[PDB]
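A.B. asks: One structure, pasted below without further comment.
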Amino acid sequence: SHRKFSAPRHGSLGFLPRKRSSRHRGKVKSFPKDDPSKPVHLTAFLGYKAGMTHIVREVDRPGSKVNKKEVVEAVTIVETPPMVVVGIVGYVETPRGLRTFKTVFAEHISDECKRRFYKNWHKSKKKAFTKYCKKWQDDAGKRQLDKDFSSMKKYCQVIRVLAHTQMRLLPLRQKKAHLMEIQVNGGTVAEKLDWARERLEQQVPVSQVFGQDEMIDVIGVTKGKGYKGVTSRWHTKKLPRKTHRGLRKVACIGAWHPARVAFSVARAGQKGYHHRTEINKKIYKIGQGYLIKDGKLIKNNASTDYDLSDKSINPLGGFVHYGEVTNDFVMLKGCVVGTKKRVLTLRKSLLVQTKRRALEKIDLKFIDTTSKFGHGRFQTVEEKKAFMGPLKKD
Amino acid sequence: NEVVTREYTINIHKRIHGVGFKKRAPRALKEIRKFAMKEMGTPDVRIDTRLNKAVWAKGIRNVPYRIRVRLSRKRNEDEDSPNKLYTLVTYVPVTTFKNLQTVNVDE
Amino acid sequence: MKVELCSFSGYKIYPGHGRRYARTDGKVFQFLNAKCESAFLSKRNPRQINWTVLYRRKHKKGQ
Amino acid sequence: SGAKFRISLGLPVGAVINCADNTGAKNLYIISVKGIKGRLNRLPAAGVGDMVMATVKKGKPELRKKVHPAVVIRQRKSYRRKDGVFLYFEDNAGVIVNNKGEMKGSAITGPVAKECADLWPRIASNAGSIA
RNA sequence: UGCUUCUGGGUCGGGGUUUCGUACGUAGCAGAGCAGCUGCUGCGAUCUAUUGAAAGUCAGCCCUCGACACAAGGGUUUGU
RNA sequence: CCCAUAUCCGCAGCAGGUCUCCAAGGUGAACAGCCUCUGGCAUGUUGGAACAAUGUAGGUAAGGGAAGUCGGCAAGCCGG
Ligand SMILES: [Mg+2]
Ligand SMILES: [Mg+2]
Ligand SMILES: [Mg+2]
Ligand SMILES: [Mg+2]
Ligand SMILES: [Mg+2]
Ligand SMILES: [Mg+2]
Ligand SMILES: [Mg+2]
Ligand SMILES: [Mg+2]
Ligand SMILES: [Mg+2]
Ligand SMILES: [Mg+2]
Ligand SMILES: [Mg+2]
Ligand SMILES: [Mg+2]
């Protein structure tokens with residue numbers, strides 16, 4: 001017969017083939033549509049999930065019950081050292097899709113990016129591009145290059161640029177960089193292309209891509225959780241206590257005469273390590289890396305107009321399981337996908353943000369730099385020493 | 001150069017963290033025997049019965065957190081086997097593991 | 001932003017951390033974590049507990 | 001103007017909260033919450049500031065054996081505020097009310113959460129404390 | 001993911017952090033008292049000082065550039 | 001000689017069944033439970049590595065307290 005009482009479906013069919021993601025680095029499945037009006041710019045970047053923390057900002061939204069009242073609000077730090085452009089790549093629009101038409105790489109390439117090619121950097125002779133490099137220093141090659149540029153100008157429609165990360169500037173373990181095609185959006189192809197040509201072998205900080213209070217998307221792989229049963233995977237009901245063949249199951253997996261079992265039934269399998277895009281995350285703050293000047297370094301990133309201290313975002317004891325954020329970083333509102341030390345892809349929004357919640361300007365009053373390695377109760381080591389006083393170890 | 005001895009210390013508390021109760025002192029011996037296999041590239045390891053008794057000193061569930069040990073590489077005795085050098089592992093009673101470095105003890 | 005002070009220990013509570021207990025007769029107390037909150041609900045005396053602030057103050061320790 | 005934010009509701013249908021006003025009622029058996037659509041096998045659940053339908057289990061007999069409106073003024077479950085605080089009270093308590101909001105009683109014994117004072121004026125008037 | 005840019009990770013140590021709550025010893029004319037010897041000396045739970053002490057802390061925490069050794073290697077295949 | 005988680009009967013070195021004798025210290029009312037000495041054994045027809053689901057046997061859960069279910073089944077409270 002029919003289902004007695006109505007209940008909505010358990011879990012979405014729009015993320016259906018819940019398998020281990022086929023890629024570790026998040027992939028921009030779609031870039032924002034370009035208008036030849038806007039000046040030449042980039043559309044995506046690449047950062048690493050450091051950790052989360054509080055934020056005390058003044059809320060401005062006329063009509064809401066928290067108008068001009070300080071609210072505590074979680075954020076997430078994504079460390080983002082500048083990316084190094086190491087090549088461009090053009091596409092043609094064909095009636096069968098968008099075929100890649102030609103790639104061109106810069107003369108010099110870091111060993112960081114060259115690690116991305118070899119599955120074993122220890123047994124290798126490190127020969128990648130060793131013969132390609134000899135095209136940038138002779139007329140026989142320089143000519144061909146200029147040809148391969150005037151061709152992409154004549155034919156290519158979309159221009160992407162290849163830009164790897166800088167993996168030595170991070171507190172991680174892996175030295176092998178992450179590559180990615182960031183699509184240049186802007187003017188005509190000729191001006192889009194003689195732009196990246198100037199930026200070959202150059203660095204692109206995040207200020208050149210993202211601003212403040214800018215809603216962006218985050219693309220990355222969910223944190224993996226292994227072979228989980230159906231109660232954890234699909235969050236189905238738990239059978240009552242008197243069930244014989246175990247209770248964390250689905251009792252009925254199909255009617256009789258649809259004599260298969262269907263693709264919309266909740267069944268056990270891999271949970272986590274999926275590829276998700278999460279949209280409308282606001283950039284609260286594009287902080288700045290450490291830097292020496294006059295011998296003394298300036299580390300105060302977490303100091304605001306109201307706090308006026310000398311503390312960096314680095315909590316007491318460093319971010320847990322990640323390390324020390326000593327580079328540029330973005331502060332996204334709320335959680336993001338992935339685990340710590342995971343490479344997230346930050347993409348410009350695909351929509352036209354016209355909303356008071358999207359166009360709100362942000363002014364942080366206080367950033368929370370206590371420790372996350374337990375219930376830490378002190379903002380700075382100085383404040384801790386000046387509170388506890390002198391100990392025995394002195 | 002080939003017959004050398006030197007004292008180490010082994011943070012069993014971290015080489016054992018996670019294993020179940022009834023298999024702690026055992027995993028601590030398998031981890032001593034593997035530690036000496038790393039610090040001295042010899043597959044033959046020989047754990048002295050004083051170091052054994054000192055690992056099972058408290059019990060099976062409460063293995064000491066650290067342990068001071070004296071790895072001594074020696075020439076294989078009679079019955080020349082595929083191995084040429086074996087590693088004798090020896091206990092070293094210690095009152096505190098504070099500022100205890102790896103010492104290159106000598107004869 | 002106003003920083004409170006744990007009613008049991010005496011440490012400084014920052015905007016994000018801790019809780020508030022409101023007894024049936026007013027008398028709101030702020031707590032830093034569930035160690036303070038539990039030593040309060042257990043009706044312990046902050047002056048007989050070495051790590052609190054009322055203890056260091058009573059026994060005049062420090063300075 | 002300002003709208004009630006959501007709080008960690010912690011009073012399933014069946015909760016016996018004590019009656020914190022002088023109507024002679026001692027208890028309030030919550031029988032359903034106002035404004036809840038529902039879901040398969042999910043008890044309704046009231047929080048601070050939520051009007052509910054209740055029932056006096058012990059108290060003056062002219063109030064027993066009938067359904068009453070009520071407003072939860074104090075809940076024991078820790079609810080968060082937008083200003084980054086987690087508040088909770090020593091007991092669960094609510095007051096009796098008519099469908100338009102006026103208190104059936106006169107006074108309120110104990111505090112009244114600001115999530116209930118921002119929302120019900122005729123309870124904030126008879127309030128003793130706030131938050 | 002790492003596996004010789006005199007570097008690289010690994011172990012140990014140190015520092016940061018953090019959890020619990022003030023270690024053993026010793027001192028005390030603090031201690032309900034009790035006993036012996038003519039004030040002294042013993043027994044005595046607890047207390048105070050040394051003592052936010054002691055203990056643990058990456059095995060899936062963070063920094064060392066402190067000692068120690070190590071790492072240029074092995075095996076199987078692949079052709080337009 | 002065995003007299004029973006291997007010498008008997010259950011097809012077997014089978015968690016079943018099968019008649020008696022003697023009977024230490026502590027705690028405690030106690031031949032109760034728990035640790036120990038005399039005496040005995042090597043985990044009950046195997047080991048190693050992992051620590052997924054679903055199980056089996058134990059646990060603990062904020063707020064509510066039978067709203068669950070045919071039914072307070074199970075668990076829990078109580079306990080000297
Ligand atoms: Mg229907
Ligand atoms: Mg059954
Ligand atoms: Mg933490
Ligand atoms: Mg139902
Ligand atoms: Mg067994
Ligand atoms: Mg047997
Ligand atoms: Mg066996
Ligand atoms: Mg419960
Ligand atoms: Mg509870
Ligand atoms: Mg019923
Ligand atoms: Mg029912
Ligand atoms: Mg029963």
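By convention in this document, the chains of the structure tokens carry letters A, B, ... by their order, each chain's residues are numbered from 1, and ligands are numbered from 1 in the order they are shown.
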Please list as number ranges by chain every residue within 9 Å of stretch 8-25 of chain A, counting only C-alpha atoms (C1' of nucleotides) and excluding residues in the same chain fewer than 2 positions away.

C.D. replies: A: 6, 27, 178-180, 219-222, 224, 233-236, 263-266, 269-276, 342-345; D: 39-40

A.B. asks: Next, write the just-selected residues to a file, as a short mmCIF file (atom, residue, chain, number, x, y, z; two decimals), in the first residue's frame, keeping N, CA and C atoms as the atom set.

C.D. replies:
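Saved as selection29.cif:
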```cif
data_model
loop_
_atom_site.label_atom_id
_atom_site.label_comp_id
_atom_site.auth_asym_id
_atom_site.auth_seq_id
_atom_site.Cartn_x
_atom_site.Cartn_y
_atom_site.Cartn_z
N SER A 6 3.75 10.95 5.76
CA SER A 6 4.72 11.50 4.83
C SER A 6 5.98 11.92 5.57
N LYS A 27 38.77 21.58 -7.86
CA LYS A 27 38.80 21.93 -9.28
C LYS A 27 37.68 22.92 -9.56
N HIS A 178 51.34 22.95 -5.73
CA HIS A 178 50.03 22.69 -6.31
C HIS A 178 49.87 23.62 -7.50
N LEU A 179 49.60 23.05 -8.67
CA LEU A 179 49.33 23.81 -9.88
C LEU A 179 47.84 23.99 -10.08
N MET A 180 47.49 24.95 -10.94
CA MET A 180 46.09 25.29 -11.16
C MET A 180 46.00 26.30 -12.29
N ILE A 219 36.13 25.82 -2.91
CA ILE A 219 36.04 24.51 -3.55
C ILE A 219 37.10 23.62 -2.92
N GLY A 220 36.68 22.47 -2.41
CA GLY A 220 37.66 21.57 -1.81
C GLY A 220 37.06 20.22 -1.51
N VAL A 221 37.91 19.33 -1.01
CA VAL A 221 37.51 17.96 -0.71
C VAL A 221 37.10 17.87 0.75
N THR A 222 35.87 17.41 0.99
CA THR A 222 35.40 17.15 2.34
C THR A 222 36.40 16.30 3.11
N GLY A 224 37.69 13.30 5.02
CA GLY A 224 37.27 11.92 4.83
C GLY A 224 37.04 11.20 6.14
N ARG A 233 26.09 7.64 7.09
CA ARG A 233 26.19 8.15 5.73
C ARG A 233 24.96 8.96 5.36
N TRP A 234 23.77 8.38 5.52
CA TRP A 234 22.54 9.01 5.09
C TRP A 234 21.72 9.58 6.24
N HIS A 235 22.16 9.38 7.49
CA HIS A 235 21.46 9.93 8.65
C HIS A 235 20.03 9.41 8.71
N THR A 236 19.85 8.14 8.38
CA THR A 236 18.54 7.53 8.47
C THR A 236 18.18 7.23 9.93
N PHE A 263 18.63 3.22 -7.09
CA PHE A 263 19.77 4.11 -6.87
C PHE A 263 19.47 5.22 -5.88
N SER A 264 18.24 5.31 -5.38
CA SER A 264 17.84 6.33 -4.42
C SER A 264 17.61 5.75 -3.03
N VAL A 265 18.09 4.54 -2.77
CA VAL A 265 17.97 3.90 -1.47
C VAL A 265 19.26 4.15 -0.69
N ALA A 266 19.12 4.34 0.62
CA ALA A 266 20.26 4.67 1.47
C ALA A 266 21.04 3.40 1.78
N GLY A 269 28.63 2.91 2.69
CA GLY A 269 29.78 3.07 1.83
C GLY A 269 30.62 4.26 2.28
N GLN A 270 31.50 4.69 1.39
CA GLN A 270 32.43 5.77 1.70
C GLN A 270 31.67 7.02 2.12
N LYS A 271 32.17 7.68 3.16
CA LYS A 271 31.59 8.92 3.67
C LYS A 271 32.72 9.91 3.90
N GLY A 272 32.61 11.08 3.30
CA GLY A 272 33.67 12.06 3.33
C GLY A 272 34.68 11.85 2.21
N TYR A 273 35.56 12.84 2.08
CA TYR A 273 36.49 12.93 0.96
C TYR A 273 35.77 13.18 -0.35
N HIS A 274 34.63 13.85 -0.29
CA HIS A 274 33.91 14.24 -1.49
C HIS A 274 34.37 15.63 -1.90
N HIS A 275 33.98 16.04 -3.10
CA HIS A 275 34.37 17.33 -3.67
C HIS A 275 33.18 18.26 -3.58
N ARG A 276 33.27 19.29 -2.74
CA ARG A 276 32.18 20.22 -2.54
C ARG A 276 32.60 21.64 -2.92
N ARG A 342 44.70 21.35 4.39
CA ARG A 342 44.10 20.99 3.11
C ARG A 342 44.06 22.21 2.19
N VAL A 343 44.37 21.97 0.92
CA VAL A 343 44.42 23.03 -0.09
C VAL A 343 43.01 23.31 -0.58
N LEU A 344 42.49 24.49 -0.24
CA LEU A 344 41.21 24.97 -0.72
C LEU A 344 41.43 25.89 -1.91
N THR A 345 40.46 25.90 -2.82
CA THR A 345 40.47 26.76 -3.99
C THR A 345 39.41 27.84 -3.80
N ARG D 39 7.42 17.04 11.87
CA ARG D 39 8.27 16.10 11.15
C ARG D 39 7.96 14.71 11.70
N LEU D 40 8.21 13.69 10.89
CA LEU D 40 7.90 12.34 11.33
C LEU D 40 8.74 11.97 12.54
#
```

A.B. asks: Enumerate as an MDAnalysis selection string all residues of chain D assigned to alpha helix (DSSP H) by DSSP on the backbone, naming them with the chain letters and numbers the document uses.

C.D. replies: chainID D and resid 114:117 121:124

A.B. asks: Using only C-alpha atoms (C1' of nucleotides), determine which residues of chain E fall within 10 Å of chain B; present them as a ChimeraX atom specification.

C.D. replies: /E:10-14,56,58-59,66-70

A.B. asks: Selected residues, N, CA and C atoms (P, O5', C5', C4', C3', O3' and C1' of nucleotides), written as a PDB file, in the first residue's frame, please.

C.D. replies:
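Dumped everything to out.pdb:
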```
ATOM      1  P     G E  10      60.564  14.117  10.528  1.00  0.00           P
ATOM      2  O5'   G E  10      61.596  12.999  11.001  1.00  0.00           O
ATOM      3  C5'   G E  10      61.317  11.621  10.811  1.00  0.00           C
ATOM      4  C4'   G E  10      62.319  10.760  11.536  1.00  0.00           C
ATOM      5  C3'   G E  10      62.365  10.958  13.040  1.00  0.00           C
ATOM      6  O3'   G E  10      61.304  10.319  13.719  1.00  0.00           O
ATOM      7  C1'   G E  10      64.559  10.818  12.190  1.00  0.00           C
ATOM      8  P     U E  11      60.750  10.926  15.096  1.00  0.00           P
ATOM      9  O5'   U E  11      61.843  10.503  16.174  1.00  0.00           O
ATOM     10  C5'   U E  11      62.146   9.138  16.411  1.00  0.00           C
ATOM     11  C4'   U E  11      63.399   8.980  17.234  1.00  0.00           C
ATOM     12  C3'   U E  11      63.423   9.763  18.534  1.00  0.00           C
ATOM     13  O3'   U E  11      62.649   9.168  19.555  1.00  0.00           O
ATOM     14  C1'   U E  11      65.492  10.005  17.456  1.00  0.00           C
ATOM     15  P     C E  12      61.980  10.103  20.668  1.00  0.00           P
ATOM     16  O5'   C E  12      63.258  10.759  21.350  1.00  0.00           O
ATOM     17  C5'   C E  12      64.005  10.018  22.300  1.00  0.00           C
ATOM     18  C4'   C E  12      65.222  10.764  22.778  1.00  0.00           C
ATOM     19  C3'   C E  12      64.968  12.041  23.551  1.00  0.00           C
ATOM     20  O3'   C E  12      64.551  11.789  24.880  1.00  0.00           O
ATOM     21  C1'   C E  12      66.682  12.414  21.989  1.00  0.00           C
ATOM     22  P     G E  13      63.699  12.888  25.676  1.00  0.00           P
ATOM     23  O5'   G E  13      64.629  14.178  25.657  1.00  0.00           O
ATOM     24  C5'   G E  13      65.697  14.301  26.583  1.00  0.00           C
ATOM     25  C4'   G E  13      66.476  15.571  26.365  1.00  0.00           C
ATOM     26  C3'   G E  13      65.707  16.846  26.650  1.00  0.00           C
ATOM     27  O3'   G E  13      65.616  17.132  28.030  1.00  0.00           O
ATOM     28  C1'   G E  13      66.893  17.073  24.623  1.00  0.00           C
ATOM     29  P     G E  14      64.373  17.975  28.589  1.00  0.00           P
ATOM     30  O5'   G E  14      64.548  19.404  27.912  1.00  0.00           O
ATOM     31  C5'   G E  14      65.634  20.240  28.271  1.00  0.00           C
ATOM     32  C4'   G E  14      65.655  21.509  27.460  1.00  0.00           C
ATOM     33  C3'   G E  14      64.375  22.324  27.480  1.00  0.00           C
ATOM     34  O3'   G E  14      64.210  23.076  28.667  1.00  0.00           O
ATOM     35  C1'   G E  14      65.132  22.155  25.268  1.00  0.00           C
ATOM     36  P     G E  56      56.984  12.960  33.712  1.00  0.00           P
ATOM     37  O5'   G E  56      55.846  12.982  32.600  1.00  0.00           O
ATOM     38  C5'   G E  56      54.937  11.895  32.485  1.00  0.00           C
ATOM     39  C4'   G E  56      53.693  12.277  31.725  1.00  0.00           C
ATOM     40  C3'   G E  56      53.920  12.909  30.369  1.00  0.00           C
ATOM     41  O3'   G E  56      54.308  11.978  29.379  1.00  0.00           O
ATOM     42  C1'   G E  56      52.217  14.071  31.497  1.00  0.00           C
ATOM     43  P     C E  58      55.246  14.328  23.615  1.00  0.00           P
ATOM     44  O5'   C E  58      55.567  14.943  22.187  1.00  0.00           O
ATOM     45  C5'   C E  58      54.550  15.197  21.227  1.00  0.00           C
ATOM     46  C4'   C E  58      54.126  13.957  20.481  1.00  0.00           C
ATOM     47  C3'   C E  58      54.125  14.154  18.974  1.00  0.00           C
ATOM     48  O3'   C E  58      54.152  12.880  18.338  1.00  0.00           O
ATOM     49  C1'   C E  58      51.909  14.003  19.702  1.00  0.00           C
ATOM     50  P     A E  59      55.466  12.391  17.557  1.00  0.00           P
ATOM     51  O5'   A E  59      55.050  10.962  16.990  1.00  0.00           O
ATOM     52  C5'   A E  59      53.737  10.730  16.506  1.00  0.00           C
ATOM     53  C4'   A E  59      53.139   9.499  17.136  1.00  0.00           C
ATOM     54  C3'   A E  59      51.742   9.127  16.683  1.00  0.00           C
ATOM     55  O3'   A E  59      51.714   8.489  15.420  1.00  0.00           O
ATOM     56  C1'   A E  59      51.901   8.929  19.034  1.00  0.00           C
ATOM     57  P     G E  66      72.642  23.935  16.563  1.00  0.00           P
ATOM     58  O5'   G E  66      71.886  23.891  17.964  1.00  0.00           O
ATOM     59  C5'   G E  66      72.521  24.382  19.134  1.00  0.00           C
ATOM     60  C4'   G E  66      72.628  23.304  20.182  1.00  0.00           C
ATOM     61  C3'   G E  66      73.228  21.997  19.685  1.00  0.00           C
ATOM     62  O3'   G E  66      74.643  22.022  19.714  1.00  0.00           O
ATOM     63  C1'   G E  66      71.258  21.567  20.948  1.00  0.00           C
ATOM     64  P     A E  67      75.508  20.881  18.983  1.00  0.00           P
ATOM     65  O5'   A E  67      75.637  19.722  20.068  1.00  0.00           O
ATOM     66  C5'   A E  67      76.299  18.510  19.742  1.00  0.00           C
ATOM     67  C4'   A E  67      75.786  17.344  20.549  1.00  0.00           C
ATOM     68  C3'   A E  67      75.762  16.011  19.815  1.00  0.00           C
ATOM     69  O3'   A E  67      77.024  15.368  19.864  1.00  0.00           O
ATOM     70  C1'   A E  67      73.670  16.371  20.830  1.00  0.00           C
ATOM     71  P     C E  68      77.704  14.816  18.521  1.00  0.00           P
ATOM     72  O5'   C E  68      76.842  13.515  18.219  1.00  0.00           O
ATOM     73  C5'   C E  68      76.745  12.494  19.203  1.00  0.00           C
ATOM     74  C4'   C E  68      75.691  11.479  18.857  1.00  0.00           C
ATOM     75  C3'   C E  68      75.700  10.977  17.429  1.00  0.00           C
ATOM     76  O3'   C E  68      76.729  10.024  17.222  1.00  0.00           O
ATOM     77  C1'   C E  68      73.486  11.461  18.086  1.00  0.00           C
ATOM     78  P     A E  69      77.750  10.180  15.994  1.00  0.00           P
ATOM     79  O5'   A E  69      76.974   9.502  14.786  1.00  0.00           O
ATOM     80  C5'   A E  69      76.934   8.090  14.655  1.00  0.00           C
ATOM     81  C4'   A E  69      75.543   7.615  14.337  1.00  0.00           C
ATOM     82  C3'   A E  69      75.169   7.627  12.866  1.00  0.00           C
ATOM     83  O3'   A E  69      75.667   6.494  12.178  1.00  0.00           O
ATOM     84  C1'   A E  69      73.462   8.665  14.101  1.00  0.00           C
ATOM     85  P     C E  70      76.376   6.678  10.750  1.00  0.00           P
ATOM     86  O5'   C E  70      75.168   6.819   9.726  1.00  0.00           O
ATOM     87  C5'   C E  70      74.220   5.775   9.558  1.00  0.00           C
ATOM     88  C4'   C E  70      72.849   6.317   9.250  1.00  0.00           C
ATOM     89  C3'   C E  70      72.645   6.791   7.822  1.00  0.00           C
ATOM     90  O3'   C E  70      72.390   5.726   6.925  1.00  0.00           O
ATOM     91  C1'   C E  70      71.738   8.372   9.337  1.00  0.00           C
TER      92        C E  70
END
```

A.B. asks: Compile the residues of chain E that lie within 9 Å of chain A, evaluated using only C-alpha atoms (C1' of nucleotides), and express the compilation as a ChimeraX atom specification.

C.D. replies: /E:1-3,16-19,51-53,60-63

A.B. asks: Per residue of chain F within 10 Å of ligand 7, what are the shortest atom pair and its distance in Å to one decimal, counting only C-alpha atoms (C1' of nucleotides) and all ligand atoms, with rows by chain and residue number, as a Markdown table?

C.D. replies:
```
| residue | atom | partner | partner_atom_place_in_ligand_line | distance |
| --- | --- | --- | --- | --- |
| F:42 | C1' | ligand 7 | 1 (Mg) | 7.9 |
| F:43 | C1' | ligand 7 | 1 (Mg) | 6.9 |
| F:44 | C1' | ligand 7 | 1 (Mg) | 8.7 |
| F:46 | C1' | ligand 7 | 1 (Mg) | 6.8 |
| F:47 | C1' | ligand 7 | 1 (Mg) | 8.0 |
```

A.B. asks: Compile the residues of chain F that lie within 7 Å of chain D, evaluated using only C-alpha atoms (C1' of nucleotides), and express the compilation as a PDB file with N, CA and C atoms (P, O5', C5', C4', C3', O3' and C1' of nucleotides), in the first residue's frame.

C.D. replies:
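Saved result, iface.pdb, follows:
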```pdb
ATOM      1  P     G F  63      21.427  18.687  32.186  1.00  0.00           P
ATOM      2  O5'   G F  63      20.056  19.062  31.475  1.00  0.00           O
ATOM      3  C5'   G F  63      19.755  20.423  31.193  1.00  0.00           C
ATOM      4  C4'   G F  63      18.588  20.554  30.251  1.00  0.00           C
ATOM      5  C3'   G F  63      17.396  19.683  30.595  1.00  0.00           C
ATOM      6  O3'   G F  63      16.634  20.228  31.654  1.00  0.00           O
ATOM      7  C1'   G F  63      17.834  19.534  28.290  1.00  0.00           C
ATOM      8  P     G F  64      15.887  19.254  32.681  1.00  0.00           P
ATOM      9  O5'   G F  64      14.843  18.505  31.747  1.00  0.00           O
ATOM     10  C5'   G F  64      13.807  19.245  31.117  1.00  0.00           C
ATOM     11  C4'   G F  64      13.004  18.393  30.173  1.00  0.00           C
ATOM     12  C3'   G F  64      12.390  17.145  30.774  1.00  0.00           C
ATOM     13  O3'   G F  64      11.233  17.429  31.534  1.00  0.00           O
ATOM     14  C1'   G F  64      13.277  16.676  28.627  1.00  0.00           C
ATOM     15  P     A F  67       3.538   7.857  27.311  1.00  0.00           P
ATOM     16  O5'   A F  67       4.015   8.702  26.050  1.00  0.00           O
ATOM     17  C5'   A F  67       3.464   9.979  25.772  1.00  0.00           C
ATOM     18  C4'   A F  67       4.204  10.671  24.654  1.00  0.00           C
ATOM     19  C3'   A F  67       5.054   9.778  23.763  1.00  0.00           C
ATOM     20  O3'   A F  67       4.297   9.171  22.732  1.00  0.00           O
ATOM     21  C1'   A F  67       6.241  11.774  24.344  1.00  0.00           C
TER      22        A F  67
END
```

A.B. asks: Please identify all polymer residues within 10 Å of residue E:31, counting only C-alpha atoms (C1' of nucleotides), omitting same-chain residues fewer than 4 positions from it, and present them as a PyMOL selection string.

C.D. replies: chain E and resi 44-47

A.B. asks: Using only C-alpha atoms (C1' of nucleotides), which protein or nucleic acid residues come within 12 Å of residue A:124? Drop anything in the same chain fewer than 5 positions from it, and give the result as a list in words.

C.D. replies: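 The residues satisfying every condition are residues 114, 115, 117, 118 and 119 of chain A; 3 of chain E.
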
A.B. asks: Which residues form the shell of 7 Å around ligand 2 when you count only C-alpha atoms (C1' of nucleotides) and all ligand atoms, given as an MDAnalysis selection string?

C.D. replies: chainID A and resid 242:244

A.B. asks: Would you please extract all strand (DSSP E or B) residues from stretch 57-130 of chain A, as assigned by DSSP on the backbone, and give them as JSON, numbers by chain?

C.D. replies: {"A": [57, 58, 70, 71, 72, 75, 76, 77, 78, 79, 83, 84, 85, 86, 87, 88, 89, 90, 91, 92, 93, 94, 97, 98, 99, 100, 101, 102, 103, 104, 105]}

A.B. asks: Give me, as JSON, numbers by chain, the residues of chain A touching chain C, with the criterion being at most 9 Å (counting only C-alpha atoms).

C.D. replies: {"A": [54, 55, 56, 70, 71, 72, 73, 365, 366, 368, 375, 377, 378, 379, 388, 389, 390]}

A.B. asks: Around ligand 6, at most 7 Å away and counting only C-alpha atoms (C1' of nucleotides) and all ligand atoms, which residues are there? Put them as a list in words, please.

C.D. replies: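 Checking only C-alpha atoms (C1' of nucleotides) and all ligand atoms against ligand 6 at 7 Å gives residues 5, 6, 13 and 44 of chain F.
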
A.B. asks: For the residues selected in the previous step, produce a file with N, CA, C and O atoms (P, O5', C5', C4', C3', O3' and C1' of nucleotides) as a PDB file, in the first residue's frame.

C.D. replies:
```
ATOM      1  P     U F   5      36.084 -30.184  34.500  1.00  0.00           P
ATOM      2  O5'   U F   5      37.065 -29.288  33.615  1.00  0.00           O
ATOM      3  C5'   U F   5      38.110 -29.876  32.845  1.00  0.00           C
ATOM      4  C4'   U F   5      37.886 -29.681  31.366  1.00  0.00           C
ATOM      5  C3'   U F   5      39.008 -28.959  30.624  1.00  0.00           C
ATOM      6  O3'   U F   5      39.098 -29.455  29.288  1.00  0.00           O
ATOM      7  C1'   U F   5      37.021 -27.719  30.414  1.00  0.00           C
ATOM      8  P     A F   6      40.517 -29.894  28.675  1.00  0.00           P
ATOM      9  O5'   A F   6      40.462 -31.484  28.643  1.00  0.00           O
ATOM     10  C5'   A F   6      39.532 -32.167  27.808  1.00  0.00           C
ATOM     11  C4'   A F   6      39.948 -33.598  27.568  1.00  0.00           C
ATOM     12  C3'   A F   6      40.309 -34.398  28.821  1.00  0.00           C
ATOM     13  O3'   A F   6      39.887 -35.752  28.670  1.00  0.00           O
ATOM     14  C1'   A F   6      42.135 -34.394  27.339  1.00  0.00           C
ATOM     15  P     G F  13      39.109 -37.657  20.938  1.00  0.00           P
ATOM     16  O5'   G F  13      39.581 -36.779  22.181  1.00  0.00           O
ATOM     17  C5'   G F  13      38.688 -36.492  23.251  1.00  0.00           C
ATOM     18  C4'   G F  13      39.021 -35.180  23.917  1.00  0.00           C
ATOM     19  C3'   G F  13      38.553 -33.938  23.158  1.00  0.00           C
ATOM     20  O3'   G F  13      38.237 -32.896  24.078  1.00  0.00           O
ATOM     21  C1'   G F  13      40.877 -33.849  23.410  1.00  0.00           C
ATOM     22  P     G F  44      42.455 -19.592  24.232  1.00  0.00           P
ATOM     23  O5'   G F  44      41.593 -20.885  24.584  1.00  0.00           O
ATOM     24  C5'   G F  44      41.514 -21.982  23.681  1.00  0.00           C
ATOM     25  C4'   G F  44      41.566 -23.310  24.396  1.00  0.00           C
ATOM     26  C3'   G F  44      40.215 -24.015  24.543  1.00  0.00           C
ATOM     27  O3'   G F  44      40.404 -25.429  24.552  1.00  0.00           O
ATOM     28  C1'   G F  44      41.121 -23.672  26.656  1.00  0.00           C
TER      29        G F  44
END
```

A.B. asks: What's the 12 Å shell around residue C:40, counting only C-alpha atoms (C1' of nucleotides), without same-chain residues fewer than 4 positions away, as a ChimeraX atom specification?

C.D. replies: /C:6-9,21,29-36,44-47,49,52

A.B. asks: Using 9 Å as the limit and counting only C-alpha atoms (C1' of nucleotides), can you tabulate each residue of chain A that touches chain F, with its shortest atom-to-atom distance in Å and the two atoms involved, as a Markdown table?

C.D. replies:
```
| residue | atom | partner | partner_atom | distance |
| --- | --- | --- | --- | --- |
| A:226 | CA | F:52 | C1' | 6.4 |
| A:227 | CA | F:52 | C1' | 4.9 |
| A:228 | CA | F:53 | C1' | 5.4 |
| A:229 | CA | F:53 | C1' | 5.0 |
| A:230 | CA | F:53 | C1' | 8.5 |
| A:241 | CA | F:74 | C1' | 8.1 |
| A:242 | CA | F:73 | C1' | 8.6 |
| A:245 | CA | F:55 | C1' | 7.8 |
| A:246 | CA | F:55 | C1' | 6.4 |
| A:247 | CA | F:54 | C1' | 8.8 |
| A:248 | CA | F:54 | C1' | 7.6 |
| A:249 | CA | F:54 | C1' | 8.0 |
| A:268 | CA | F:53 | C1' | 7.2 |
| A:269 | CA | F:53 | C1' | 7.7 |
```
